[PDB]
Amino acid sequence: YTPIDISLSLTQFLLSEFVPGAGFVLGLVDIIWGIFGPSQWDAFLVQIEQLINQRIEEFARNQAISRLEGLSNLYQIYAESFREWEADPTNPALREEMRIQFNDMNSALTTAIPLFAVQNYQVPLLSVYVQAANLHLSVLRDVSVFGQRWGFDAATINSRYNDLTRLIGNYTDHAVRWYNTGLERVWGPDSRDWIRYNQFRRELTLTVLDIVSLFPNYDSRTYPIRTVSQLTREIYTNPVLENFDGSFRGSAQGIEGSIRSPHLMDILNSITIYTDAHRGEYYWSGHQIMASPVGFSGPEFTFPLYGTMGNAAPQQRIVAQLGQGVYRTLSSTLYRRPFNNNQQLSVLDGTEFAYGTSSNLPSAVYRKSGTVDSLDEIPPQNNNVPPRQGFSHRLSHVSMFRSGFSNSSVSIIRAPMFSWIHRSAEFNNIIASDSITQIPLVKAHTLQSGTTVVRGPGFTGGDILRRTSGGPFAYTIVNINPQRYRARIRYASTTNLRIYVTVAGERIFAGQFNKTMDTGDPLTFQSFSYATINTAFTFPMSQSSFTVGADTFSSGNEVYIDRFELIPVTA
């Protein structure tokens, strides 16, 4: 029912079944554009108005909704026209309609996008804007790969491809511009301001940012074959903070500060919870987390203590990661609002950890279960299977916003922050043939000195690595699935430089590449480019080591790398 439900089901369709044809077009109508009436575009608008406390003026609101329902009729016609032509691609009448349907569908999308960027209303119309933007690029990709078989000429086919590459950027820049602007207009000093701030961050990551991160994959000339992306970013939930209503007039920075800093991806192995108690009320006081690197090549590190190590109950409540990991939490909150030390409480007295499998697997119950369901905020991506099987995110970290002490404090809050990484972020770095595999560099094993993980711009799928002086970036383990590959790095830089790759520690291939931006410049879609290394190579071992670095530039510049790509040579 909710747009967050719908956007996650669309994201997986754009990750797994992202090959063009009749099946891809039949999918867009069956998830988004098959809606009759306005009851689905209304909900897509309400989900952001309810968040920013401002409704779109009804003229621009009806005009945008009716413009969508107009596109919804046109694309259904375009869809059924595509299906007829694929079943018989020689019929001249089917090819003529195919050219006519695209020319009408393209022009009608070009005329409809301005209605989703109305003056002083671009932020609420954003999820609708990216929905229409995703549709415009898909049909501009169809002509680049099928237009020559429809009857289009080389000149008009090439003209539409330059529209494809230009709009992958201008749509993205518009989305990140008004995501950041909308994020700021909600951020505030007090507690309920942060709740609105993190909810805006969570719901628009799922309904906007996760979709825009896949726009580059429509480039049929950059990705001539199949490609798979990995969303490594984390989004957060707080059962204690979100379940109650009263705004704790304290620190929104203190909560945001309790979020972990940009980091390499790690697999949450286990968590040990310590239990304190106050006036006959036992609760989750603190915990300790153990995690492992991507793949499992290194040992497992343990994080410093979160919270206080209370022994009101035995510490033995260690919870592991099994099956596909933890997909869902059912927490129970304990509040205590006395009347003017006299302790206040804002803690948890129980949480169920549900496991992801295609079969039965019993939960991990800390003390007891509750009805503060993370599934209500992390909905599943597949709905025709039980949520345990069709989950969209896996638990990756459990930090905590903490405050107060049982000794000498009047108020106490122990609210763990649940970090949810996307499911597409695989446990290991699998390198596949017959497909262009994308490994975001945050999936690396270790960083070398002088390499910084920095918050991503918003369109890369996650955070990125940064370096300001020549040297290796990170060292990552790969797994290969008679094949040789071409190395391609998506990078940003303020200087001409040399990007190199090192395979198994021995052979090393490099290349001279160009700068993309000036110094003191925001990270824009145009600031990123593809640096392809010419020579192709093999992997000695079935599990290899892959180093990517950059040098030959004056110190004091900025070099960003989002990911590297491995391209099969045969295809």
# chains A, B, ... in the order shown; residues from 1 in each chain; ligands from 1
call {"tool": "residues_around", "arguments": {"residues": "residue 108 in chain A", "least_positions_apart": "2", "cutoff": "12 Å", "atoms": "only C-alpha atoms", "output": "list in words"}}
result
residues 67, 68, 69, 70, 71, 72, 73, 74, 75, 78, 101, 102, 103, 104, 105, 106, 110, 111, 112, 113, 114, 115, 132, 135, 136 and 139 of chain A
call {"tool": "write_last_selection", "arguments": {"atoms": "N, CA and C atoms", "output": "compact mmCIF listing (two decimals), in the first residue's frame"}}
result
# COMPACT_ATOMS: atom_id res chain seq x y z
N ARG A 67 -1.23 14.67 -14.72
CA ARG A 67 -0.16 14.46 -15.70
C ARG A 67 0.43 13.07 -15.56
N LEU A 68 0.55 12.57 -14.33
CA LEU A 68 1.02 11.21 -14.11
C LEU A 68 0.04 10.19 -14.67
N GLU A 69 -1.25 10.33 -14.33
CA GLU A 69 -2.25 9.42 -14.86
C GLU A 69 -2.33 9.50 -16.38
N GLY A 70 -1.90 10.61 -16.97
CA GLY A 70 -1.77 10.66 -18.42
C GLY A 70 -0.61 9.81 -18.91
N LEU A 71 0.54 9.93 -18.25
CA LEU A 71 1.68 9.08 -18.59
C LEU A 71 1.36 7.61 -18.32
N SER A 72 0.58 7.34 -17.27
CA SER A 72 0.22 5.96 -16.94
C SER A 72 -0.58 5.31 -18.06
N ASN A 73 -1.41 6.09 -18.76
CA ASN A 73 -2.14 5.55 -19.91
C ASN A 73 -1.21 5.38 -21.10
N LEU A 74 -0.30 6.33 -21.31
CA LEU A 74 0.55 6.29 -22.49
C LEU A 74 1.56 5.15 -22.41
N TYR A 75 2.14 4.92 -21.23
CA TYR A 75 3.16 3.88 -21.11
C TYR A 75 2.55 2.48 -21.20
N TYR A 78 2.43 2.00 -24.78
CA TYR A 78 3.80 1.73 -25.22
C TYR A 78 4.24 0.33 -24.83
N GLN A 101 5.14 5.19 -31.05
CA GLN A 101 4.91 5.12 -29.61
C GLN A 101 6.05 5.76 -28.82
N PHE A 102 7.29 5.53 -29.24
CA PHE A 102 8.43 6.12 -28.54
C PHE A 102 8.44 7.64 -28.70
N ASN A 103 8.25 8.12 -29.93
CA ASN A 103 8.27 9.56 -30.17
C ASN A 103 7.20 10.27 -29.36
N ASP A 104 6.04 9.64 -29.19
CA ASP A 104 5.00 10.23 -28.35
C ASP A 104 5.32 10.06 -26.87
N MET A 105 5.85 8.91 -26.47
CA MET A 105 6.18 8.69 -25.07
C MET A 105 7.36 9.54 -24.63
N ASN A 106 8.32 9.79 -25.52
CA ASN A 106 9.45 10.64 -25.18
C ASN A 106 9.02 12.09 -25.04
N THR A 110 9.10 14.51 -21.69
CA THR A 110 9.82 15.78 -21.66
C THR A 110 8.91 16.92 -21.24
N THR A 111 7.63 16.86 -21.61
CA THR A 111 6.68 17.90 -21.23
C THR A 111 6.15 17.72 -19.81
N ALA A 112 6.29 16.53 -19.23
CA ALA A 112 5.72 16.25 -17.92
C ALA A 112 6.70 16.49 -16.77
N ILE A 113 8.00 16.40 -17.04
CA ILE A 113 8.99 16.58 -15.97
C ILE A 113 8.90 17.96 -15.33
N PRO A 114 8.76 19.07 -16.08
CA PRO A 114 8.63 20.38 -15.41
C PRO A 114 7.49 20.46 -14.40
N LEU A 115 6.42 19.68 -14.59
CA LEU A 115 5.33 19.68 -13.62
C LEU A 115 5.71 19.03 -12.30
N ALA A 132 9.00 9.39 -12.66
CA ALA A 132 8.94 9.76 -14.07
C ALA A 132 10.32 9.82 -14.70
N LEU A 135 11.34 6.36 -15.65
CA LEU A 135 10.61 5.93 -16.84
C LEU A 135 11.21 6.54 -18.10
N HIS A 136 11.64 7.80 -18.02
CA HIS A 136 12.16 8.49 -19.20
C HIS A 136 13.47 7.87 -19.68
N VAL A 139 12.97 4.25 -21.45
CA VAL A 139 12.52 4.28 -22.83
C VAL A 139 13.58 4.91 -23.73
call {"tool": "residues_around", "arguments": {"residues": "residue 134 in chain A", "least_positions_apart": "6", "cutoff": "9 Å", "atoms": "only C-alpha atoms", "output": "PDB file with N, CA and C atoms, in the first residue's frame"}}
result
ATOM      1  N   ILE A 211      17.026   4.671  -6.083  1.00  0.00           N
ATOM      2  CA  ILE A 211      16.663   4.550  -7.492  1.00  0.00           C
ATOM      3  C   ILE A 211      17.615   5.357  -8.365  1.00  0.00           C
ATOM      4  N   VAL A 212      17.978   6.566  -7.925  1.00  0.00           N
ATOM      5  CA  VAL A 212      18.870   7.413  -8.710  1.00  0.00           C
ATOM      6  C   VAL A 212      20.255   6.789  -8.823  1.00  0.00           C
ATOM      7  N   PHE A 215      20.594   4.893 -12.114  1.00  0.00           N
ATOM      8  CA  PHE A 215      20.464   5.567 -13.404  1.00  0.00           C
ATOM      9  C   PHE A 215      21.646   5.351 -14.346  1.00  0.00           C
TER      10      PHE A 215
END
call {"tool": "closest_atom_pairs", "arguments": {"of": "range 421-536 of chain A", "to": "range 149-169 of chain A", "cutoff": "10 Å", "atoms": "only C-alpha atoms", "output": "tab-separated table"}}
result
residue	atom	partner	partner_atom	distance
A:524	CA	A:169	CA	8.8
A:525	CA	A:169	CA	5.9
A:526	CA	A:169	CA	6.9
call {"tool": "select_by_dssp", "arguments": {"residues": "range 78-221 of chain A", "states": "helix (DSSP H, G or I)", "output": "mmCIF file with C-alpha atoms, in the first residue's frame"}}
result
data_model
loop_
_atom_site.group_PDB
_atom_site.id
_atom_site.type_symbol
_atom_site.label_atom_id
_atom_site.label_comp_id
_atom_site.auth_asym_id
_atom_site.auth_seq_id
_atom_site.Cartn_x
_atom_site.Cartn_y
_atom_site.Cartn_z
ATOM 1 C CA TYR A 78 3.797 1.734 -25.221
ATOM 2 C CA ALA A 79 4.238 -1.447 -23.170
ATOM 3 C CA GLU A 80 1.698 -3.529 -25.093
ATOM 4 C CA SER A 81 3.127 -2.142 -28.342
ATOM 5 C CA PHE A 82 6.592 -3.365 -27.334
ATOM 6 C CA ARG A 83 5.247 -6.827 -26.483
ATOM 7 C CA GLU A 84 3.549 -7.199 -29.872
ATOM 8 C CA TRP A 85 6.688 -6.152 -31.753
ATOM 9 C CA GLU A 86 9.072 -8.461 -29.881
ATOM 10 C CA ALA A 87 6.898 -11.436 -30.850
ATOM 11 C CA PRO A 92 6.538 -3.177 -40.865
ATOM 12 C CA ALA A 93 3.297 -2.008 -39.238
ATOM 13 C CA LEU A 94 4.569 -3.092 -35.814
ATOM 14 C CA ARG A 95 7.865 -1.275 -36.404
ATOM 15 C CA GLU A 96 6.060 1.904 -37.482
ATOM 16 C CA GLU A 97 3.862 1.947 -34.373
ATOM 17 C CA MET A 98 7.000 1.251 -32.330
ATOM 18 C CA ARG A 99 8.631 4.423 -33.663
ATOM 19 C CA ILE A 100 5.386 6.359 -33.176
ATOM 20 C CA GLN A 101 4.907 5.122 -29.605
ATOM 21 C CA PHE A 102 8.426 6.122 -28.539
ATOM 22 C CA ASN A 103 8.270 9.562 -30.171
ATOM 23 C CA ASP A 104 4.996 10.227 -28.347
ATOM 24 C CA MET A 105 6.182 8.686 -25.068
ATOM 25 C CA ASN A 106 9.454 10.639 -25.182
ATOM 26 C CA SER A 107 7.821 13.986 -25.972
ATOM 27 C CA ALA A 108 5.133 13.451 -23.327
ATOM 28 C CA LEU A 109 7.778 12.713 -20.688
ATOM 29 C CA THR A 110 9.821 15.778 -21.660
ATOM 30 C CA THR A 111 6.683 17.898 -21.229
ATOM 31 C CA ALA A 112 5.721 16.252 -17.916
ATOM 32 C CA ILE A 113 8.989 16.582 -15.965
ATOM 33 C CA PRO A 114 8.631 20.377 -15.411
ATOM 34 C CA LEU A 115 5.332 19.682 -13.618
ATOM 35 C CA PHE A 116 7.331 17.716 -11.013
ATOM 36 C CA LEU A 126 10.495 14.467 -5.556
ATOM 37 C CA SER A 127 9.443 10.809 -5.348
ATOM 38 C CA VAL A 128 7.080 11.408 -8.270
ATOM 39 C CA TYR A 129 9.862 13.234 -10.134
ATOM 40 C CA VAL A 130 12.261 10.291 -9.872
ATOM 41 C CA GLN A 131 9.476 7.864 -10.818
ATOM 42 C CA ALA A 132 8.935 9.760 -14.070
ATOM 43 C CA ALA A 133 12.707 10.177 -14.432
ATOM 44 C CA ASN A 134 13.264 6.420 -14.146
ATOM 45 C CA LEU A 135 10.611 5.932 -16.836
ATOM 46 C CA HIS A 136 12.159 8.490 -19.200
ATOM 47 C CA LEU A 137 15.615 6.895 -19.122
ATOM 48 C CA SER A 138 14.273 3.357 -19.590
ATOM 49 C CA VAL A 139 12.523 4.279 -22.834
ATOM 50 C CA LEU A 140 15.581 6.256 -23.953
ATOM 51 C CA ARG A 141 17.573 3.063 -23.369
ATOM 52 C CA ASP A 142 15.100 1.029 -25.441
ATOM 53 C CA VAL A 143 15.803 3.032 -28.608
ATOM 54 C CA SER A 144 19.577 2.797 -28.176
ATOM 55 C CA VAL A 145 19.362 -1.012 -28.246
ATOM 56 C CA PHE A 146 16.226 -1.607 -30.365
ATOM 57 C CA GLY A 147 15.805 1.556 -32.451
ATOM 58 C CA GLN A 148 17.855 0.207 -35.352
ATOM 59 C CA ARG A 149 15.497 -2.785 -35.549
ATOM 60 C CA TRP A 150 12.445 -0.498 -35.355
ATOM 61 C CA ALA A 154 21.821 6.263 -37.193
ATOM 62 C CA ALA A 155 21.569 10.042 -36.782
ATOM 63 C CA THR A 156 18.324 10.025 -34.793
ATOM 64 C CA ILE A 157 19.488 7.026 -32.750
ATOM 65 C CA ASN A 158 22.715 8.831 -31.831
ATOM 66 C CA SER A 159 20.746 11.988 -31.008
ATOM 67 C CA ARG A 160 18.638 10.064 -28.488
ATOM 68 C CA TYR A 161 21.685 8.505 -26.814
ATOM 69 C CA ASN A 162 23.157 11.933 -26.066
ATOM 70 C CA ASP A 163 19.797 12.702 -24.466
ATOM 71 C CA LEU A 164 20.208 9.527 -22.402
ATOM 72 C CA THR A 165 23.649 10.438 -21.053
ATOM 73 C CA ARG A 166 22.679 14.081 -20.500
ATOM 74 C CA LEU A 167 19.522 13.165 -18.576
ATOM 75 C CA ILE A 168 21.186 10.527 -16.381
ATOM 76 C CA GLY A 169 23.119 13.484 -14.970
ATOM 77 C CA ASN A 170 20.598 16.325 -14.906
ATOM 78 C CA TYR A 171 17.970 14.106 -13.275
ATOM 79 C CA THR A 172 20.516 12.943 -10.694
ATOM 80 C CA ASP A 173 21.771 16.452 -9.924
ATOM 81 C CA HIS A 174 18.187 17.655 -9.492
ATOM 82 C CA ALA A 175 17.423 14.776 -7.118
ATOM 83 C CA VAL A 176 20.463 15.224 -4.869
ATOM 84 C CA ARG A 177 19.976 19.007 -4.906
ATOM 85 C CA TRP A 178 16.461 18.804 -3.472
ATOM 86 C CA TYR A 179 17.194 15.789 -1.285
ATOM 87 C CA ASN A 180 19.877 17.804 0.510
ATOM 88 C CA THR A 181 17.659 20.899 0.575
ATOM 89 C CA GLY A 182 14.720 18.897 1.916
ATOM 90 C CA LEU A 183 16.963 17.195 4.471
ATOM 91 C CA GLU A 184 18.072 20.599 5.774
ATOM 92 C CA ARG A 185 14.577 22.113 6.052
ATOM 93 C CA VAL A 186 13.672 19.408 8.589
ATOM 94 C CA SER A 191 14.756 15.370 19.716
ATOM 95 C CA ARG A 192 11.563 15.174 17.646
ATOM 96 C CA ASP A 193 13.422 17.270 15.070
ATOM 97 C CA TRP A 194 15.943 14.438 14.691
ATOM 98 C CA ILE A 195 13.128 11.882 14.389
ATOM 99 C CA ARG A 196 11.720 13.901 11.498
ATOM 100 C CA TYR A 197 15.297 14.290 10.233
ATOM 101 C CA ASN A 198 16.151 10.578 10.224
ATOM 102 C CA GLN A 199 12.720 9.613 8.867
ATOM 103 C CA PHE A 200 13.182 12.010 5.947
ATOM 104 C CA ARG A 201 16.630 10.489 5.425
ATOM 105 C CA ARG A 202 15.233 6.948 5.558
ATOM 106 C CA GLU A 203 12.077 7.310 3.460
ATOM 107 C CA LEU A 204 13.741 9.364 0.714
ATOM 108 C CA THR A 205 16.727 7.021 0.579
ATOM 109 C CA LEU A 206 14.270 4.201 -0.145
ATOM 110 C CA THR A 207 11.979 6.154 -2.498
ATOM 111 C CA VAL A 208 14.514 8.424 -4.250
ATOM 112 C CA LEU A 209 18.222 7.877 -3.627
ATOM 113 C CA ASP A 210 18.303 4.090 -4.076
ATOM 114 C CA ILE A 211 16.663 4.550 -7.492
ATOM 115 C CA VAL A 212 18.870 7.413 -8.710
ATOM 116 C CA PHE A 215 20.464 5.567 -13.404
ATOM 117 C CA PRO A 216 24.006 5.073 -14.841
ATOM 118 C CA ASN A 217 23.176 1.433 -15.621
ATOM 119 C CA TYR A 218 20.807 2.599 -18.384
#
call {"tool": "residues_around", "arguments": {"residues": "residue 243 in chain A", "least_positions_apart": "2", "cutoff": "8 Å", "atoms": "only C-alpha atoms", "output": "PyMOL selection string"}}
result
chain A and resi 239-241+245+333+372
call {"tool": "atom_distance", "arguments": {"atom1": "CA of residue 434 in chain A", "atom2": "CA of residue 486 in chain A"}}
result
13.0 Å
call {"tool": "residues_around", "arguments": {"residues": "range 287-298 of chain A", "least_positions_apart": "6", "cutoff": "7 Å", "atoms": "only C-alpha atoms", "output": "compact mmCIF listing (two decimals) with C-alpha atoms, in the first residue's frame"}}
result
# COMPACT_ATOMS: atom_id res chain seq x y z
CA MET A 265 31.54 -2.66 5.18
CA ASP A 266 31.54 -5.36 7.85
CA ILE A 267 29.35 -8.35 8.68
CA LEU A 268 27.75 -8.15 12.13
CA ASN A 269 28.66 -11.52 13.65
CA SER A 270 27.30 -11.30 17.20
CA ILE A 271 26.06 -8.92 19.89
CA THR A 272 26.19 -9.44 23.67
CA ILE A 273 23.65 -7.45 25.69
CA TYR A 274 24.13 -6.42 29.33
CA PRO A 304 34.34 -0.79 22.22
CA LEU A 305 31.59 -1.07 24.81
CA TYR A 306 28.25 0.50 23.95
CA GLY A 307 26.39 1.55 27.06
CA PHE A 427 28.54 -11.01 2.07
CA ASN A 428 31.52 -11.62 -0.23
CA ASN A 429 33.05 -9.88 -3.26
CA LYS A 443 33.61 -3.57 0.51
CA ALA A 444 37.41 -3.67 0.89
CA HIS A 445 39.41 -5.46 3.57
CA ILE A 477 39.59 -9.75 -1.58
call {"tool": "residues_around", "arguments": {"residues": "range 390-394 of chain A", "least_positions_apart": "5", "cutoff": "7 Å", "atoms": "only C-alpha atoms", "output": "PyMOL selection string"}}
result
chain A and resi 325-327+379-383+385+420-423
call {"tool": "write_last_selection", "arguments": {"atoms": "N, CA and C atoms", "output": "CSV table (one decimal), in the first residue's frame"}}
result
chain,number,residue,atom,x,y,z
A,325,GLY,N,21.2,-13.7,7.9
A,325,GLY,CA,21.3,-12.6,8.8
A,325,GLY,C,20.0,-12.2,9.5
A,326,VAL,N,20.1,-11.2,10.2
A,326,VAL,CA,18.9,-10.6,10.9
A,326,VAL,C,18.2,-9.7,10.0
A,327,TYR,N,16.9,-10.0,9.7
A,327,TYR,CA,16.1,-9.2,8.8
A,327,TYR,C,15.1,-8.3,9.4
A,379,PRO,N,10.2,-2.2,5.1
A,379,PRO,CA,9.3,-3.1,4.5
A,379,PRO,C,10.0,-4.1,3.5
A,380,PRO,N,9.4,-5.3,3.3
A,380,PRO,CA,10.1,-6.2,2.4
A,380,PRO,C,10.1,-5.8,0.9
A,381,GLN,N,11.1,-6.2,0.2
A,381,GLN,CA,11.1,-5.9,-1.3
A,381,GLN,C,10.3,-6.9,-2.1
A,382,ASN,N,10.2,-8.2,-1.6
A,382,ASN,CA,9.3,-9.1,-2.3
A,382,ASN,C,8.1,-9.4,-1.4
A,383,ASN,N,6.9,-9.5,-2.0
A,383,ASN,CA,5.7,-9.6,-1.2
A,383,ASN,C,5.0,-10.9,-1.4
A,385,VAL,N,6.3,-13.8,-1.0
A,385,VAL,CA,6.9,-14.8,-0.1
A,385,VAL,C,6.8,-14.2,1.3
A,420,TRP,N,20.7,-0.7,9.2
A,420,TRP,CA,20.2,-1.6,8.2
A,420,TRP,C,20.9,-1.4,6.9
A,421,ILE,N,21.7,-2.3,6.5
A,421,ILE,CA,22.4,-2.3,5.2
A,421,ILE,C,21.5,-3.0,4.2
A,422,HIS,N,21.6,-2.6,2.9
A,422,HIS,CA,20.7,-3.2,1.9
A,422,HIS,C,21.1,-4.6,1.6
A,423,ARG,N,20.2,-5.4,1.1
A,423,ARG,CA,20.4,-6.8,0.8
A,423,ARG,C,21.3,-7.0,-0.4
call {"tool": "select_by_dssp", "arguments": {"residues": "range 270-482 of chain A", "states": "strand (DSSP E)", "output": "number ranges by chain"}}
result
A: 270-277, 282-293, 301-302, 306-307, 318-319, 326-336, 344-355, 364-366, 372-373, 393-403, 411-422, 430-431, 436-440, 446-447, 451-454, 464-467, 471-480
call {"tool": "atom_distance", "arguments": {"atom1": "CA of residue 54 in chain A", "atom2": "CA of residue 2 in chain A"}}
result
19.0 Å
call {"tool": "residues_around", "arguments": {"residues": "residue 278 in chain A", "least_positions_apart": "5", "cutoff": "10 Å", "atoms": "only C-alpha atoms", "output": "list in words"}}
result
residues 283, 312, 343, 345 and 406 of chain A
call {"tool": "write_last_selection", "arguments": {"atoms": "N, CA, C and O atoms", "output": "PDB file, in the first residue's frame"}}
result
ATOM      1  N   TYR A 283      16.261  -3.951  32.086  1.00  0.00           N
ATOM      2  CA  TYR A 283      16.307  -3.371  30.752  1.00  0.00           C
ATOM      3  C   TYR A 283      17.687  -3.542  30.131  1.00  0.00           C
ATOM      4  O   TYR A 283      18.667  -3.874  30.802  1.00  0.00           O
ATOM      5  N   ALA A 312      22.608  -6.771  36.529  1.00  0.00           N
ATOM      6  CA  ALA A 312      21.347  -7.069  37.197  1.00  0.00           C
ATOM      7  C   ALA A 312      20.784  -8.411  36.755  1.00  0.00           C
ATOM      8  O   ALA A 312      20.009  -9.027  37.495  1.00  0.00           O
ATOM      9  N   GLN A 343      13.989   8.879  38.833  1.00  0.00           N
ATOM     10  CA  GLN A 343      14.531   8.548  37.521  1.00  0.00           C
ATOM     11  C   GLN A 343      13.458   8.506  36.440  1.00  0.00           C
ATOM     12  O   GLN A 343      12.364   7.970  36.639  1.00  0.00           O
ATOM     13  N   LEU A 345      12.953   6.919  32.569  1.00  0.00           N
ATOM     14  CA  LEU A 345      13.478   5.811  31.784  1.00  0.00           C
ATOM     15  C   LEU A 345      13.018   5.925  30.339  1.00  0.00           C
ATOM     16  O   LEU A 345      11.886   6.334  30.064  1.00  0.00           O
ATOM     17  N   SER A 406      22.857   5.458  36.294  1.00  0.00           N
ATOM     18  CA  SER A 406      22.036   5.050  37.431  1.00  0.00           C
ATOM     19  C   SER A 406      22.493   5.723  38.719  1.00  0.00           C
ATOM     20  O   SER A 406      21.691   5.908  39.641  1.00  0.00           O
TER      21      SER A 406
END
call {"tool": "residues_around", "arguments": {"residues": "residue 61 in chain A", "least_positions_apart": "4", "cutoff": "9 Å", "atoms": "only C-alpha atoms", "output": "list in words"}}
result
residues 42, 45, 55, 56, 57, 65, 66 and 125 of chain A
call {"tool": "atom_distance", "arguments": {"atom1": "CA of residue 535 in chain A", "atom2": "CA of residue 551 in chain A"}}
result
18.9 Å
call {"tool": "closest_residue", "arguments": {"among": "A:31, A:22, A:214, A:550", "to": "residue 458 in chain A", "atoms": "only C-alpha atoms"}}
result
A:214
call {"tool": "closest_residue", "arguments": {"among": "A:478, A:231, A:566, A:510", "to": "residue 540 in chain A", "atoms": "only C-alpha atoms"}}
result
A:478
call {"tool": "closest_residue", "arguments": {"among": "A:502, A:342, A:39, A:64", "to": "residue 408 in chain A", "atoms": "only C-alpha atoms"}}
result
A:342
call {"tool": "closest_residue", "arguments": {"among": "A:253, A:120, A:344, A:50", "to": "residue 411 in chain A", "atoms": "only C-alpha atoms"}}
result
A:344
call {"tool": "closest_residue", "arguments": {"among": "A:347, A:441, A:19, A:508", "to": "residue 400 in chain A", "atoms": "only C-alpha atoms"}}
result
A:347
call {"tool": "decode", "arguments": {"residues": "range 264-275 of chain A", "atoms": "N, CA, C and O atoms", "output": "mmCIF file, in the first residue's frame"}}
result
data_model
loop_
_atom_site.group_PDB
_atom_site.id
_atom_site.type_symbol
_atom_site.label_atom_id
_atom_site.label_comp_id
_atom_site.auth_asym_id
_atom_site.auth_seq_id
_atom_site.Cartn_x
_atom_site.Cartn_y
_atom_site.Cartn_z
ATOM 1 N N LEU A 264 34.455 0.984 6.382
ATOM 2 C CA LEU A 264 34.374 -0.161 5.489
ATOM 3 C C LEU A 264 33.209 -1.057 5.890
ATOM 4 O O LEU A 264 32.827 -1.131 7.061
ATOM 5 N N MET A 265 32.641 -1.744 4.904
ATOM 6 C CA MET A 265 31.543 -2.657 5.184
ATOM 7 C C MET A 265 32.033 -3.824 6.031
ATOM 8 O O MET A 265 33.131 -4.345 5.824
ATOM 9 N N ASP A 266 31.216 -4.223 7.003
ATOM 10 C CA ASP A 266 31.536 -5.357 7.854
ATOM 11 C C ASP A 266 30.267 -6.146 8.139
ATOM 12 O O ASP A 266 29.153 -5.618 8.078
ATOM 13 N N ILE A 267 30.450 -7.425 8.450
ATOM 14 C CA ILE A 267 29.349 -8.352 8.679
ATOM 15 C C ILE A 267 29.179 -8.517 10.182
ATOM 16 O O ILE A 267 30.045 -9.086 10.855
ATOM 17 N N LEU A 268 28.061 -8.021 10.712
ATOM 18 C CA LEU A 268 27.752 -8.146 12.131
ATOM 19 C C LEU A 268 27.649 -9.613 12.532
ATOM 20 O O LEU A 268 26.671 -10.287 12.193
ATOM 21 N N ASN A 269 28.655 -10.115 13.250
ATOM 22 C CA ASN A 269 28.659 -11.518 13.651
ATOM 23 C C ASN A 269 27.764 -11.755 14.861
ATOM 24 O O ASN A 269 26.843 -12.578 14.814
ATOM 25 N N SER A 270 28.023 -11.046 15.958
ATOM 26 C CA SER A 270 27.301 -11.297 17.195
ATOM 27 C C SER A 270 27.188 -10.013 18.002
ATOM 28 O O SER A 270 27.888 -9.029 17.749
ATOM 29 N N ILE A 271 26.287 -10.040 18.982
ATOM 30 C CA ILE A 271 26.058 -8.924 19.892
ATOM 31 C C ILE A 271 25.716 -9.487 21.265
ATOM 32 O O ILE A 271 24.840 -10.350 21.387
ATOM 33 N N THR A 272 26.412 -9.011 22.294
ATOM 34 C CA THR A 272 26.191 -9.440 23.670
ATOM 35 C C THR A 272 25.587 -8.281 24.451
ATOM 36 O O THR A 272 26.200 -7.214 24.548
ATOM 37 N N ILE A 273 24.399 -8.495 25.014
ATOM 38 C CA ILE A 273 23.646 -7.446 25.694
ATOM 39 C C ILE A 273 23.818 -7.596 27.198
ATOM 40 O O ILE A 273 23.748 -8.707 27.738
ATOM 41 N N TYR A 274 24.040 -6.474 27.877
ATOM 42 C CA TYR A 274 24.129 -6.425 29.329
ATOM 43 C C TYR A 274 22.865 -5.791 29.894
ATOM 44 O O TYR A 274 22.313 -4.852 29.310
ATOM 45 N N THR A 275 22.407 -6.308 31.033
ATOM 46 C CA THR A 275 21.110 -5.954 31.594
ATOM 47 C C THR A 275 21.296 -5.267 32.939
ATOM 48 O O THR A 275 21.908 -5.834 33.851
#
